[PDB]
Each structure stands twice: as structure tokens, then as C-alpha cells.
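K.L.:
Here it is, the structure, as C-alpha cells.
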Amino acid sequence: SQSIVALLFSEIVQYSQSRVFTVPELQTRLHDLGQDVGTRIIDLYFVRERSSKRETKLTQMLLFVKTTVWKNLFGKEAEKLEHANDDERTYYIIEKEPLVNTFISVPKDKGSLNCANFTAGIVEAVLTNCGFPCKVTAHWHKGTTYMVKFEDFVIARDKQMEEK
Amino acid sequence: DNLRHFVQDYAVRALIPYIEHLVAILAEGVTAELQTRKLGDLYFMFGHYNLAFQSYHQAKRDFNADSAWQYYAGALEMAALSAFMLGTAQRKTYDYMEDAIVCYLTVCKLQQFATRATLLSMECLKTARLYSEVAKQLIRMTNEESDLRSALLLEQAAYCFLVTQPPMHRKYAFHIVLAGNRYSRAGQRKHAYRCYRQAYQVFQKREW
Amino acid sequence: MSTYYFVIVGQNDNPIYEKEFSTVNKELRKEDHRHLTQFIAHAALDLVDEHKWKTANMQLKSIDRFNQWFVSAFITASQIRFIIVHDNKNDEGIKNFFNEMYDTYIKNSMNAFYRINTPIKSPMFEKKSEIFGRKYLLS
């Protein structure tokens, strides 16, 4: 079902909300779960759904891994992608569909951040396992949005291989 | 004292005719396979960089069939040195130099002239940017060399490959562990310990 | 014959596992092979990282050829460094052999109990590897 996953994920959040004391470390725990997901999904989908061939270059892998992960997760690719000049490290990936709202969401007083961070955790896993260590923030701006802070050695590395 | 310097002055005044006689020998040389060789051995101390490149040029047309490419190696040593000294650092002369060093070791058994070429080719390619080039021919000199010498060339190859880029950041350490015992058998005890210490440093950096 | 050596390297450069099939003899020298090549997998890696930054090919068949030690690279999406090192060449075996390595690796990587860059002791994986070696390498 849709609703079985929503229920299992409510028990996710509740187990955290139990043996976790404050919200940001709860988001951290969600992020850990996301890393756990990515750690194996990325290696799965190298072959079956990613042309079986590796892709290394940044923006192509960003968009294509975005899409392939979303097709084999929900079958719905993220609606848009922004990469920001003002900070070349600052890219935003934004999807109007929150994974969270399979169960419609939490109290709007205590926890500013939600599953949005857990999806961001899966994102971080796949990026850093492709070769792209990054930190990702989930913001309630224009719906569920994300922002990625890549790795400095990585950012120099692709900035150099911007040419061949 | 002042009197010591007066003798100094007279000595350098007596050196003027000596270097002018060498200038006359240089003139006699600029006016065969051995003529080109001697010409090279000449501007080897006159600073003629254009004639040093012309020495290797004529030696390629003099030892084309002659198996005496040891004088061609000597002329190319001057050519590569004069190129990087002037700042031209010709990659052409650099590659030719290896053609008269490692590739000449396949032709004749003049490893003495081959190692002479590789030695200064390493320093000139280190000032350039191809430090991995020096390292690769120092590994192609390690297999021959001896024991202390082989370990010395392995230590040279170690830092050279690591200097250009990350490539060889723990295999350089792994091979100076073998070069460490090579030095211990005959390799300098100081060289042995310091290359072992170098290996341990990047071993801790890359513990896995 | 051909010598047989497989290695598994975590993202954090951790040597996860290594597998052998060569005719058993002078086990000390086979361990010398192991560390020789495990530390050869070091520059091989320092090399193949930029090599993979160049080409995102299926498999990097050759990275270095030590003139007696041969470096064949099949790097993964999770950047798991894989190398076969052998004194003899057998390309057709090695290509789809690294393929099937990758496959059974996916199979035993899915299990949630595994975490990134961790040795895997599953003797089931051992016999899967052995069957592959008897298929694609050994005779």
C-alpha cells in the first residue's frame, strides 16, 4: 500500500521521538536512516536502471541519479533543479512531493524539519558514494526543497575537468 | 691580505691567456663523428646553447649508423641542460635524451653514459613538470643498478612520482620499505632509516 | 598457468576482502604476493582515481602493468575499488568476471546488516566467488 508505508514511517518517526530527546538530533537520526538507504540503493541501480554504465561528471550524475532514484523509489522525478552561481557550491534540488506526506504531516509547532531531512540523507548517501561528499539541508521553501554543499576537493576537481 | 690579493689578481690575469687559448680552440673547432663530439665537449663550457642543440643534431646524423651513440648521449646531455638553463626546457630534447639513455641501453651496453644522461634528465624534468618521467626511468634503472645504487634510484623514483600528483602515495612508501632493506644490505644506513621513516609516515596517513 | 588475486577496497580505502585460487605452494610467497599487490593497489588506486575521473567506462581493464604484475580495475558506483592482479592476461575471463563479482556483491550488499566499507565473512559469498573463478578464471 501507500498507507502501509505511511504507517511504517510514522513508527519510524515515533521510535526516534521516543529514544531521541531533541528535534535536531532526531533529524540527524533520520539523516542516518537516509544514509542507510542510499548506501545500497546506489550500487543496485548502477546496473539495472542507469544504463549499466558508470557516470562520473557532476551535473549529469546529479540529474540522472535524481531521476533514476526517484523512478525506483516513487516513480516521480524531482520537479526542478537549481544550481546557483552566487555560490558555485550551492545547488538546490527541489521536489514538490514530500516523501513524508504519505502520512500527512507532523505538528507545526515543535519540529520545523521533517522527513525532508531523511530524504536528504538518502541524497547525501548516494552523492558521497558516487564520489561527491556533500551536506544537504531541507527547507520548507517552495515546498520540500533541498540544498547541497559538495566537497571542496570534489568542487576543485570538477572545476578543473570542466574542460577535457 | 692585500699582498695575497695582489697574487690573486696576477693569477686571474694569467688565467686570461688560458681562457683565450680555449677560445682559440673553440674557434678552431667551429672552423665528422669525432669533430662533432669534440665540438660538443667544447661549448660544454662556453654557453653556446644553440650550438649545443646543433651538436646533438649533427651527432644524430653522425651516429645514425655508428653504434657510438655514447657521444650522441653526451651532446644531448648538453642540449637538454642548455635548453632548461635558458628556460626553453624543450620537451623534444627531453624525449631525445631518453632515446639516448634508456633506449640506448637496449642498443649497446654503455650503461655508464645511460645513467649519466638519466641523472641530469631527472633534474631537468623535475624543474619542468614531468617528475613521474624521472621516476619511471629511475625504476627502469633500479632493475639493473646494483644494491645500494638500486635502492638509491628507488628512493629517487619514490619522491619524484609523489611530487607531481597523488599517484604513488603509499606504493612509493611500500617500495622504499624494500629499498630500506636494500640500503641495509648495502644501502646507506642513514638513507635506510630516513626512507623507512618516510614510509611509516604515509603508512599512518593511509593506515588501511 | 595464471596467478589469481582479487581485492575489495572500501570507499575509505579499506581493504574489505581478498580472494585467491592459485595452485598452493610457498604460502609465505603467496602472502608476499598479497601485500605486494595490496600495496600495489595503493598507487594503482592513486592512479585509477583520476583514471575514473577521466572515463566512466564499465570497467578499466588496465591501469598499470608492472611487466609482471597486471592491474585490472572495475570500479563501482559506490567507488568500491576492485582489482585483479595476475602474472598472466585473460581479458575475457576478467571482464565478465568482475561483472559477476559486482553482481554477487550487489546481492550481498543489499543486506541491511552490511554497512559501507565493511569486511563481509559470508562463506556463501566465498563459494559464489569460487564458482565464478572456476567459471571465468580457473580450469
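Simple scheme: letters A, B, ... for chains in C-alpha cells order, numbers from 1 for residues in each chain, numbers from 1 for ligands in the order shown.
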Can you work out which residues from chain C touch chain A at a cut-off of 8 Å (counting only C-alpha atoms) and hand them back as a ChimeraX atom specification?

P.N.:
/C:11,52-53,55-58,76-79,106,109-110,112,115-116

K.L.:
Find the residues around residue 90 in chain A up to 7 Å (only C-alpha atoms counted), leave out those fewer than 6 positions away in its own chain, and share them as a short mmCIF file (atom, residue, chain, number, x, y, z; two decimals) with C-alpha atoms, in the first residue's frame.

P.N.:
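For reference, around14.cif as written:
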```
data_model
loop_
_atom_site.label_atom_id
_atom_site.label_comp_id
_atom_site.auth_asym_id
_atom_site.auth_seq_id
_atom_site.Cartn_x
_atom_site.Cartn_y
_atom_site.Cartn_z
CA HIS A 83 22.39 25.31 -9.41
CA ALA A 84 23.32 28.73 -8.07
CA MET A 147 20.35 22.44 -0.92
CA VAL A 148 23.64 20.65 -1.49
CA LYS A 149 27.15 21.62 -0.30
#
```

K.L.:
Return as a tab-separated table the residues of chain B lying at most 7 Å from chain C, together with the closest atom-to-atom pair for each and the distance in Å to one decimal, counting only C-alpha atoms, with rows in chain order and ascending residue number.

P.N.:
```
residue	atom	partner	partner_atom	distance
B:166	CA	C:46	CA	6.0
B:167	CA	C:46	CA	4.6
B:168	CA	C:43	CA	4.3
B:169	CA	C:43	CA	6.3
B:170	CA	C:42	CA	5.7
B:171	CA	C:43	CA	5.1
B:174	CA	C:39	CA	6.3
B:208	CA	C:14	CA	5.1
```

K.L.:
From range 1-207 of chain B, collect each residue whose DSSP state is alpha helix (DSSP H) and return the set as an MDAnalysis selection string.

P.N.:
chainID B and resid 2:30 33:43 49:60 69:86 91:99 102:107 111:127 131:142 148:164 171:185 189:205

K.L.:
Any chance you could export the current selection's C-alpha atoms as a short mmCIF file (atom, residue, chain, number, x, y, z; two decimals), in the first residue's frame?

P.N.:
```
data_model
loop_
_atom_site.label_atom_id
_atom_site.label_comp_id
_atom_site.auth_asym_id
_atom_site.auth_seq_id
_atom_site.Cartn_x
_atom_site.Cartn_y
_atom_site.Cartn_z
CA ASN B 2 96.40 42.91 0.32
CA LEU B 3 99.57 41.04 -0.86
CA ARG B 4 97.61 37.74 -1.05
CA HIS B 5 95.02 39.53 -3.26
CA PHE B 6 97.83 41.02 -5.43
CA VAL B 7 98.89 37.40 -6.18
CA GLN B 8 95.15 36.60 -6.67
CA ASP B 9 94.96 39.48 -9.22
CA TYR B 10 98.10 38.21 -11.06
CA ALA B 11 96.73 34.60 -11.08
CA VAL B 12 93.42 35.71 -12.75
CA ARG B 13 95.44 37.94 -15.15
CA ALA B 14 97.44 34.79 -16.10
CA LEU B 15 94.07 32.97 -16.50
CA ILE B 16 93.04 35.49 -19.23
CA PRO B 17 95.51 33.94 -21.83
CA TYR B 18 94.39 30.42 -20.72
CA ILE B 19 90.67 31.06 -21.46
CA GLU B 20 91.72 32.97 -24.64
CA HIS B 21 93.65 29.84 -25.75
CA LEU B 22 90.44 27.86 -25.03
CA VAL B 23 88.55 30.50 -27.12
CA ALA B 24 91.11 29.88 -29.93
CA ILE B 25 90.49 26.08 -29.61
CA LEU B 26 86.71 26.82 -29.78
CA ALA B 27 87.33 28.90 -32.96
CA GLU B 28 89.46 26.04 -34.45
CA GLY B 29 86.60 23.61 -33.64
CA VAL B 30 83.83 25.72 -35.28
CA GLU B 33 81.53 11.99 -35.99
CA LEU B 34 84.54 12.85 -33.75
CA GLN B 35 84.68 16.52 -34.88
CA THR B 36 81.03 16.95 -33.71
CA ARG B 37 81.85 15.07 -30.45
CA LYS B 38 84.90 17.33 -29.76
CA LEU B 39 82.86 20.45 -30.72
CA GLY B 40 80.29 19.45 -28.05
CA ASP B 41 83.00 18.80 -25.42
CA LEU B 42 83.96 22.41 -26.37
CA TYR B 43 80.97 24.77 -25.89
CA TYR B 49 73.07 26.73 -26.26
CA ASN B 50 72.20 26.98 -29.99
CA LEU B 51 75.40 25.06 -30.88
CA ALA B 52 74.64 22.51 -28.10
CA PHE B 53 71.32 21.72 -29.84
CA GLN B 54 73.23 21.69 -33.17
CA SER B 55 75.79 19.28 -31.61
CA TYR B 56 73.05 16.71 -30.81
CA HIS B 57 71.53 17.45 -34.26
CA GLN B 58 74.80 16.70 -36.13
CA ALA B 59 75.54 13.72 -33.79
CA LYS B 60 72.15 12.21 -34.84
CA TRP B 69 75.67 6.90 -29.53
CA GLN B 70 77.53 7.46 -26.20
CA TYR B 71 78.89 10.73 -27.70
CA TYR B 72 75.36 11.43 -29.04
CA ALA B 73 74.19 10.94 -25.41
CA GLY B 74 76.89 13.44 -24.27
CA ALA B 75 75.83 16.00 -26.91
CA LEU B 76 72.15 15.53 -25.87
CA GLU B 77 73.11 15.96 -22.17
CA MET B 78 74.47 19.42 -23.14
CA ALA B 79 71.40 20.14 -25.35
CA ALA B 80 68.83 19.34 -22.59
CA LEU B 81 70.88 21.19 -19.91
CA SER B 82 71.30 24.32 -22.11
CA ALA B 83 67.56 24.23 -23.02
CA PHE B 84 66.34 24.26 -19.38
CA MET B 85 69.19 26.65 -18.37
CA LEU B 86 67.94 29.19 -20.98
CA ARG B 91 60.28 18.57 -24.35
CA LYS B 92 61.66 17.45 -27.76
CA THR B 93 65.29 17.37 -26.44
CA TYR B 94 63.96 15.78 -23.19
CA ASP B 95 62.47 12.80 -25.11
CA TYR B 96 65.51 12.55 -27.44
CA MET B 97 67.66 12.43 -24.25
CA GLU B 98 65.73 9.30 -23.09
CA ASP B 99 66.21 7.92 -26.66
CA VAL B 102 67.13 4.02 -21.64
CA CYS B 103 66.62 3.27 -25.38
CA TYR B 104 70.43 3.30 -25.90
CA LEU B 105 70.72 0.71 -23.06
CA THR B 106 68.74 -1.64 -25.36
CA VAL B 107 71.19 -0.91 -28.25
CA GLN B 111 75.09 1.92 -19.03
CA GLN B 112 77.71 4.44 -17.73
CA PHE B 113 76.64 7.08 -20.32
CA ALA B 114 72.97 5.99 -19.98
CA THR B 115 73.00 6.63 -16.18
CA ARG B 116 74.83 9.96 -16.75
CA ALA B 117 72.02 11.03 -19.15
CA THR B 118 69.20 9.81 -16.81
CA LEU B 119 70.80 11.65 -13.83
CA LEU B 120 70.66 15.17 -15.34
CA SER B 121 67.46 14.31 -17.31
CA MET B 122 65.81 13.69 -13.89
CA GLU B 123 66.79 17.17 -12.57
CA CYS B 124 65.78 18.94 -15.84
CA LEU B 125 62.43 17.04 -15.98
CA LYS B 126 61.94 17.83 -12.25
CA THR B 127 62.30 21.59 -12.97
CA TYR B 131 58.57 14.30 -12.33
CA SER B 132 56.80 10.97 -13.00
CA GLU B 133 59.02 10.66 -16.13
CA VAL B 134 62.22 10.77 -13.98
CA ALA B 135 60.57 8.26 -11.59
CA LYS B 136 59.64 5.79 -14.39
CA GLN B 137 63.22 5.74 -15.84
CA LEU B 138 64.66 5.54 -12.28
CA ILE B 139 62.52 2.36 -11.87
CA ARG B 140 63.87 1.25 -15.29
CA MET B 141 67.36 1.88 -13.78
CA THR B 142 66.53 0.19 -10.41
CA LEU B 148 72.97 0.47 -2.79
CA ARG B 149 72.57 2.06 -6.27
CA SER B 150 69.24 0.24 -6.99
CA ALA B 151 67.85 1.40 -3.60
CA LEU B 152 69.05 5.00 -4.29
CA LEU B 153 67.19 5.01 -7.66
CA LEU B 154 64.07 3.54 -5.95
CA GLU B 155 64.19 6.38 -3.35
CA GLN B 156 64.57 8.94 -6.20
CA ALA B 157 61.60 7.32 -8.04
CA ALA B 158 59.60 7.40 -4.75
CA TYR B 159 59.64 11.18 -4.15
CA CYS B 160 59.58 12.04 -7.91
CA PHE B 161 56.24 10.24 -8.63
CA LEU B 162 54.68 11.58 -5.37
CA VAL B 163 55.79 15.23 -6.05
CA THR B 164 53.89 15.70 -9.37
CA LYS B 171 53.27 2.36 -3.16
CA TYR B 172 56.24 4.78 -3.09
CA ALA B 173 56.32 4.01 0.67
CA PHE B 174 55.91 0.24 0.00
CA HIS B 175 58.87 0.24 -2.44
CA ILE B 176 61.15 2.27 -0.10
CA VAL B 177 60.50 -0.48 2.50
CA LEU B 178 62.15 -2.89 0.01
CA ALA B 179 64.72 -0.14 -0.77
CA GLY B 180 65.14 0.22 3.03
CA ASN B 181 66.41 -3.38 3.43
CA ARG B 182 68.32 -2.95 0.11
CA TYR B 183 70.16 0.02 1.72
CA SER B 184 70.65 -2.04 4.94
CA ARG B 185 72.28 -4.88 2.91
CA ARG B 189 72.22 3.20 6.96
CA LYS B 190 71.16 6.89 7.11
CA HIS B 191 69.23 6.52 3.79
CA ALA B 192 67.71 3.23 5.09
CA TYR B 193 66.29 4.74 8.33
CA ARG B 194 65.06 8.01 6.73
CA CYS B 195 63.31 6.20 3.81
CA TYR B 196 61.81 3.75 6.37
CA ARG B 197 60.61 6.76 8.45
CA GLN B 198 59.15 8.30 5.24
CA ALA B 199 57.32 5.00 4.52
CA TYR B 200 55.91 4.83 8.10
CA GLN B 201 54.67 8.47 7.88
CA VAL B 202 52.43 7.84 4.81
CA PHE B 203 51.57 4.36 6.23
CA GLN B 204 49.93 6.09 9.25
CA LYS B 205 48.35 8.61 6.80
#
```

K.L.:
Using Å and a single decimal, report how far CA of residue 109 in chain A sits from CA of residue 19 in chain A.

P.N.:
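It comes out at 20.1 Å.
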